[PDB]
Amino acid sequence: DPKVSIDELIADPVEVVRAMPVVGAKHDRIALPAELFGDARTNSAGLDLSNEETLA
Amino acid sequence: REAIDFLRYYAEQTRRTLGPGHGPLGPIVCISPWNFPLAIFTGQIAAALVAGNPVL
Amino acid sequence: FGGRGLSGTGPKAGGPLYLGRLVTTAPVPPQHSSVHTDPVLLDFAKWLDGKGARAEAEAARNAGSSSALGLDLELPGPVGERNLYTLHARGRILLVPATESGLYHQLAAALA
Amino acid sequence: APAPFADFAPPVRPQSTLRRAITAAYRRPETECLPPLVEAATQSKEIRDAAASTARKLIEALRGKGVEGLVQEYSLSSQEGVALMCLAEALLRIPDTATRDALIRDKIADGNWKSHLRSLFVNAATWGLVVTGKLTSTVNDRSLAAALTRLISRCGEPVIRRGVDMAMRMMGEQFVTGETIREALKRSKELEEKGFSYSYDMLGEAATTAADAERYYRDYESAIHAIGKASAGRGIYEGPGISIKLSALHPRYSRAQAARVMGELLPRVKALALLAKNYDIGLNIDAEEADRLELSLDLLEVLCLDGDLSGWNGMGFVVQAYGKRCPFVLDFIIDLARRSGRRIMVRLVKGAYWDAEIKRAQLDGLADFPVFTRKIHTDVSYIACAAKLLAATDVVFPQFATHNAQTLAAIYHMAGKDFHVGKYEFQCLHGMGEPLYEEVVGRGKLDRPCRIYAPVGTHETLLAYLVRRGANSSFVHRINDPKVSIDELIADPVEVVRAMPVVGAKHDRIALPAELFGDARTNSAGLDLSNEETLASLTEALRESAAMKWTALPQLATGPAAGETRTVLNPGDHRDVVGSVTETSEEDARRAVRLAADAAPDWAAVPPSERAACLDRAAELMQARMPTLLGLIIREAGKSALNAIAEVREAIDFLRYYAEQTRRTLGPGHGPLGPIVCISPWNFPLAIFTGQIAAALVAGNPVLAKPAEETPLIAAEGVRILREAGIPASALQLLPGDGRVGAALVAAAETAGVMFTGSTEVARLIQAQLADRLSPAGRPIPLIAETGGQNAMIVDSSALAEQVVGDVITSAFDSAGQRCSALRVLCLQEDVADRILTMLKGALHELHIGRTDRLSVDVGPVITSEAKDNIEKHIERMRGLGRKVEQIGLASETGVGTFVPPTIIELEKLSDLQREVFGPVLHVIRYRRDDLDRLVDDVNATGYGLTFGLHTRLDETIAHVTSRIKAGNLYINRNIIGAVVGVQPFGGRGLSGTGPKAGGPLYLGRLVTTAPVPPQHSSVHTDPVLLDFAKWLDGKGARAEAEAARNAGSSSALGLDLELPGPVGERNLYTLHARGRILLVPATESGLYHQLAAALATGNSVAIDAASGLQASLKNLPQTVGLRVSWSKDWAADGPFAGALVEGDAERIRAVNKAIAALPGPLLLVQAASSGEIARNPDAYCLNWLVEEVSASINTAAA
Ligand SMILES: Cc1cc2nc3c(=O)[nH]c(=O)nc-3n(C[C@H](O)[C@H](O)[C@H](O)COP(=O)(O)OP(=O)(O)OC[C@H]3O[C@@H](n4cnc5c(N)ncnc54)[C@H](O)[C@@H]3O)c2cc1C
Ligand SMILES: NC(=S)Nc1ccc(F)cc1
């Protein structure tokens, strides 16, 4: 992409993350499964049948 | 999960719509099948109840 | 969820028209509207005004506006899926009128 | 006899060095503007540190302290909140409080809201922006009506009462300081006691009529007295002042009208300034669009040098930092302050018209934007200009208008520690800026004064331009964004810009005007008639064009020919000889066709890409020669300078568009038709001339170019340029003359196609001549005929009257109404008809009619004395019938030419208009809202269908009207003229043309024997009746025909729906619909099945010739198909048709073609094939010509 500069491509992800206001914040545009419907209602939750804690 | 979703969905649709002028029918008979013995059981009953009808 | 014909009466379970069937006066569902006006409804309203059926012509225009025929919505769901919800004509409606004005109102409702 | 162009556009005054440096910067590249701004805005490390600390303290205070609470309390959706506020607005229009409360309790809260209360939702776009922060140009009124019913039925009277209270506080206290100057002055006492001052804005702008300008004047005058009485001698710094907009004070405030501006607007501003002087209050001239900047400087200079205003320093002037001229404007103002001895109050702002400036520059094809395209550049400009102002506080009073805490902090620290009242001040808007400046004003804060810009006006005026008064880039929006840190807000724009890879790079997502079409083609370039350097250069080029010995000769392949020579006269002044034309003999016209036939193989053998290169080279020559071509068009055709620019641009666009379409499509299998006769009109004597010729030439055909008798000189110059670009003389022959020349060309045996733009009557005569002939392959001779229209605009009660009037004045009277697209019938909803008509008449009388070699002329002459008499006979007949007729008085100087005064005629019914009147004559009818659908029927019933306009904010009305109107070019919330090549492909249906659209992708395919597949031309939609018909065919055993039908369903492009690239603030849509009812003339059963398949696959119904005897071939059709099929014994009784499909041998085809040409109404596009061709060729009939192209152009900046 001619828009992206070498400075952008060379940025250190470790230091960019360290400087964020909440380290490790979820992507703003990706809904947690519980939040798929926004403020309308809470999505039902399932169970992970691949999780050994859950199976036990 | 579907039973939970029915409950929460008809709850939210009620909060969005129902007013004093939306009078109930009265006693509603809810007859449900054996293949979705909780989810369709719950969906029909929850809808009838939240609309202000007592259910058989 | 729910179909037509031998599959059921509707309205769809888990959809926005469901609760309205369970009250004596149905509410306006969320997002339930359409900017489309059925063109045969419009032709019927002009015919009614040519007759001087002013009350019915007005009723027909109001039916044409409040109809949600043509609604076309995307419903929120998971990524990698598009979930659409649309309102179409039902088909042929049986009209059992008693009076001329009753028939005009019924026809307006069906055409709209 | 005045010398041509001797008075074209003389400047108000000789341009000083300082004024010239302003003009030079008008559209300077952004990469050249920014580096000196960066340097000027550069501050020391310590100052930048202190500034970042101050901005952090202010932004922290701001974050640690309405409609949102109402939405929350009642669990309202966004649409419900908007609908509620629209309902509250309407309830507040009820005068008496107890009446309103009774209606709420006894009627509204019971759901009966439609009964008592124009749509409720006319201003929903504004409330939408209030509620959601998002703007839309139009309003989904069905969604809002559903939401309003829902929320009332759910929450009842309590939510209505809360909405009413909220809207009342916002409209009477938050959007405006006060409803009247008296009220606003009473409400200012509080913050004045806390150290603020005020500047009152009476909200006038963009006067449309003399009466509007006078109303705004008397509003300003009364406010000045009220403010001066309240000021009570506090002076211009501590006391309140007023802000005025020059556009409010004259209906024609523009550079083109500079003489009227200096003679009529200037004395008005002087009278207001004299009253402000007497009370010793500030009077600030607000800044408006970029093309008014330098004109406003001429007024500022006169006022500041006027001795009657001496002794008063209250005169103020706004400069916009988003403008590239801003620092040079400041240099000029500071020097003016020194010369005059007046301490000019200079309000530095960023600027309020950004979106409109981007759109305008793109529309006008100008070199660059007059504003920056990156918000951060505007911020650097602001700081840079503030530095210049702070160095000049001894001679000007700087006023730093900003809500941006970082900008504020930077300036505060830049100004240093020495301060006193009168050195400089900050400014902010009422409602918006007080939270910030409460942290600034006062000895306990930053101890810097702030002046509050206080809008004053009622609910009508406020809601008008409140939208312009919340974008993602705005500080006020970003400070409210929780995902924006303070560190992002206190970031130094100066140091951010300095570290970018290319300082001053244009915004990546905004196209320069020349790049509007990307890699497809280079946009044509215009000229800026507000730029004094351009006007000076153009004046000289225009005078030179009038010293040229323009000629037009019959230019045959063998050389020029002799003939009868006559002079060509300026229609605006018959004393002004423009040139001479030598007209073609009937014998030489026929000789030219034979010469063109002889040369046809040679030109067809030139590879399509090289033919396109000729067109592209011609476009470059026309662009380079534009100033000279303008001069010829102005004098030969009677056009104004702006319209000649558009005409030359349109010619360039056609050349480049058809060149690119050729490079996209044409190969060796797309053989030319042969010699094409191109007959062009006098109203677009270069653009339509060039378009037809270029299309035919690039499709591989040699051309016989017959220009209108009235306008041969620009045609000859167009041919000269095309030959210079490489078109051989044998491929392009010019044949000037009258209809005898046109008729000889059309009748010549080797004529293989005719392109005609002109009257319907002449087009019908050409069709009759062509129906006698067949091509060498036995097909009808193609005719592309673009004819008139009876074009209408429908305006409902939701439209903005001022926007309607400007679009109506332009659409009806531009080019003296001699556009095929010109607005002929305006339909006004009855509730707003009187108000709009009054404004329209007032606007009519502000037009300047005269010889067009003056920039001040709005409307020129009609083309001939015959045109004038025809138009005036219509007007007198209407007046004779007692219709109300409004006309402007013409100057005596018009007697030397042929002028018709712009005219408004009020009709009882659309049926009163029974003829096309090709002149500046607007007919007006009124309609009731419930009759809208019938009105659309009345418009359609004319049989025309070229251009159509709709002004409404209501989506339900848009959907209804645009689905019912039958017109080729639709325009929503804009004028209906000036269709742009490749953007609004142009061409109508019915009596308005055959199609295909000029400047569209089907055009070239009509000019070859085998049409190519156009770019982007396909559809995934299959007509369902076609599908029913194919199954029926299979049921009957017609298996091959069923397969051909399925293939037709797939190949059809019915349902194509494209958005075409164009300027920002507009959506341009291109769609393919069914044409209507196609006349089928079959010979065999299989031929009928193939014809029906072609018609059904393109969405059409059919009328089948009953004389074919093929009725038994369609037994037991599915009802869906039967609904589409009728049988016709009397073709002329069962029309109008939209096309025809014919099967037969050559004699049968000729006989049918002649019978179809005799059908009244539209010229039918006829396709013919033999029975054997139907069997052999799947494309025997071409589906391109069985659909209808529709172009829709929607103004999305309209709210
Ligand atoms: C008291 C007062 C009087 C005013 N008078 C006038 C007037 O007479 N004429 C006038 O035109 N304006 C005037 N304005 C300014 C205008 O109305 C806006 O209020 C002002 O531009 C907001 O800028 P800011 O420093 O508040 O906010 P910010 O968020 O700092 O600045 C926003 C501004 O940046 C600019 N901008 C946004 N995006 C871009 C971009 N992509 N490229 C380039 N620039 C961009 C725009 O000018 C926008 O208004 C006045 C403002 C005030 C406070
Ligand atoms: N003014 C012109 S060119 N008229 C014309 C052309 C061809 C024809 F058949 C009849 C008339």
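Computed from the coordinates by the stated procedures, all read-outs in this text should not be read as laboratory data. Note that we place each Cβ from the backbone using ideal geometry, even for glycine, and neighbour counts take in every protein chain shown.
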Fraction of antiparallel bridges per DSSP, region D:489-586 only, in percent to nearest 5: 75 percent
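Taking the Cα centre of region D:156-250 as the origin, how large is its charge dipole in debye, to the nearest 20, when only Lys and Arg (+1) and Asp and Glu (-1) carry charge on their Cβ atoms?
With only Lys, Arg, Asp and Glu charged at Cβ, the dipole is about 200 debye.
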Sorted largest first, the Cα spans of chain B on the principal axes come out in Å as 36, 23, 9
Excluding residues fewer than 8 places away in the same chain, name every one of the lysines whose C-alpha is closer than 18 Å to that of D:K966. D:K997
Mind computing the radius of gyration and Dmax over the alpha-carbon atoms of the protein assembly as shown? Å is fine for both. 34.9, 107
In region D:30-177, taking the dipole from +1 charges on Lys and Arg beta carbons and -1 charges on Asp and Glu beta carbons about the Cα centre, the listed residue (D:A98, D:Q174, D:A50) farthest towards the positive end is D:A98
Only helical DSSP H runs with n ≥ 4 go in: add -39500 (n - 2.57) per run for the protein assembly as shown, normalise by residue count and round the 222 nm mean residue ellipticity to 500 deg cm²/dmol. -13000 deg cm²/dmol
In degrees from 0 to 90, rounded to the nearest 10, what is the angle of the helix C:54-66 Cα long axis to the longest principal axis of chain C? 10 degrees
For region D:608-661, alpha-carbon Rg relative to the globular expectation (2.2 N^0.38 Å, N residues): 1.21
Just report the Cα centroid separation between region D:779-799 and region D:410-432, whole Å. 58 Å
Using the Karplus curve 6.51 cos²θ - 1.76 cosθ + 1.60 with θ = phi - 60°, work out ³J(HN,Hα) for each residue of region D:127-143 in order, rounded to whole Hz, and write x for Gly and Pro. 5, x, 5, 4, 7, 10, x, 10, 10, 10, 6, 10, 10, 8, 6, 6, 4
For D:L569, which sequence-distant residues (separation of 5 or more, or a different chain) have an amide H within less than 5 Å of its own amide H, given hydrogens modelled in the peptide plane? D:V578
With a ≥ b ≥ c taken as the square roots of the eigenvalues of the C-alpha gyration tensor of region D:923-1033, please select rounded if a/c is under 1.5 and otherwise prolate if a/b is larger than b/c or oblate if it is not? oblate
Label points 7 Å out from Cα along the Cβ direction at D:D96 and D:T136: separation in nm? 3.7 nm
What is the percent of Cα-Cα separations in region D:539-659 that go past 21 Å? 57 percent
With the dipole of region D:744-813 worked out from charges on the C-beta (+1 for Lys and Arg, -1 for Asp and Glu) around the Cα centre, which of D:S811, D:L774, D:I794 lies farthest toward the positive end? D:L774
Roughly how crowded by other chains is peptide B:25-31, in terms of the mean Cβ count from those chains within 10 Å of each of its Cβ atoms? 1
Using each residue's phi in region D:94-110, evaluate 6.51 cos²θ - 1.76 cosθ + 1.60 at θ = phi - 60° and report the 3J(HN,Hα) Karplus result to the nearest Hz, with x for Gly and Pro. 5, x, 7, 4, 4, 5, 4, 5, 5, 5, 5, 5, 9, 9, 5, 4, 8
Which value, in debye to the nearest 20, gives the size of the charge dipole of chain C about its Cα centre, when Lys and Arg are +1 and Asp and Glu are -1 at the Cβ? 240 debye
Would you grab the residues whose amide H sits under 5 Å from the one on D:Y927? Only those 5+ places off in sequence or on another chain, please, with H modelled 1.01 Å from N. D:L828, D:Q829, D:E830
Listing C:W47, D:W1032 by rising number of other beta-carbon atoms within 10 angstrom, fewest first, gives C:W47, D:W1032
10 Å Cβ neighbours from other chains, averaged over peptide C:35-45: 4
Can you give the angle from 0 to 90° between the axis of helix B:2-17 and the longest principal axis of chain B, with both taken from C-alpha atoms, to the nearest 10? 10 degrees
Across region C:23-31, in residue order, what do the Karplus-derived ³J(HN,Hα) couplings come to in whole Hz, using 6.51 cos²θ - 1.76 cosθ + 1.60 with θ = phi - 60° and x for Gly and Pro? 10, 7, 10, 6, x, 7, x, x, 6
Take the Cα atoms of region D:154-257, find their three principal axes, and give me the spread along each one in whole Å, biggest first. 57, 37, 20
So for region D:301-438: antiparallel DSSP bridges make up what percent, rounded to the nearest 5? 5 percent
Loop only per DSSP, at most 13 neighbouring Cβ atoms within 10 Å: give me the trypsin sites (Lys or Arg not before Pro) in region D:125-224, ordered by residue number. D:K134, D:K194
Positive-end residue, region D:342-390 charge dipole about Cα centroid, Cβ charges, pick of D:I383, D:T373, D:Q362: D:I383
Taking a 27 Å limit on the Cα-Cα distance, which of the listed pairs A:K3/D:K57; D:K841/D:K868; D:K359/D:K868; D:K186/D:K350; D:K245/D:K423; D:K245/D:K388 fall beyond it? A:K3/D:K57; D:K359/D:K868; D:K186/D:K350
Which value in nm describes the separation of the simple spin-label points at D:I376 and D:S53, placed 7 Å from the Cα toward the beta carbon? 2.6 nm
Considering only the protein assembly as shown, percent of DSSP beta bridges that pair antiparallel, nearest 5: 30 percent
Amide H contacts under 5 Å for D:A207, placed H, 5+ residues apart: D:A248, D:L249, D:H250
Counting only Cα atoms, I'd like the Rg/Rh figure for region D:42-142, Kirkwood definition for Rh. 1.26
For region D:1108-1170 and region D:570-606, what is the separation of their Cα centres, given in Å? 38 Å
With only alpha-carbon pairs counted, each pair once and no self-pairs, how large is the Kirkwood hydrodynamic radius of region D:1045-1199 in angstroms? 16.7 Å
Could you state the angle between the C-alpha long axis of helix C:39-51 and the longest principal axis of the C-alpha atoms of chain C, as a value from 0 to 90 degrees rounded to the nearest 10? 20 degrees
Any idea what the dipole of the protein assembly as shown comes to, in debye rounded to 20, about its Cα centre with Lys/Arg Cβ at +1 and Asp/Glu Cβ at -1? 1200 debye
Rounded to the nearest Å, what's the spacing between the alpha carbon centres of region C:15-66 and region B:19-52? Just the number, please. 28 Å
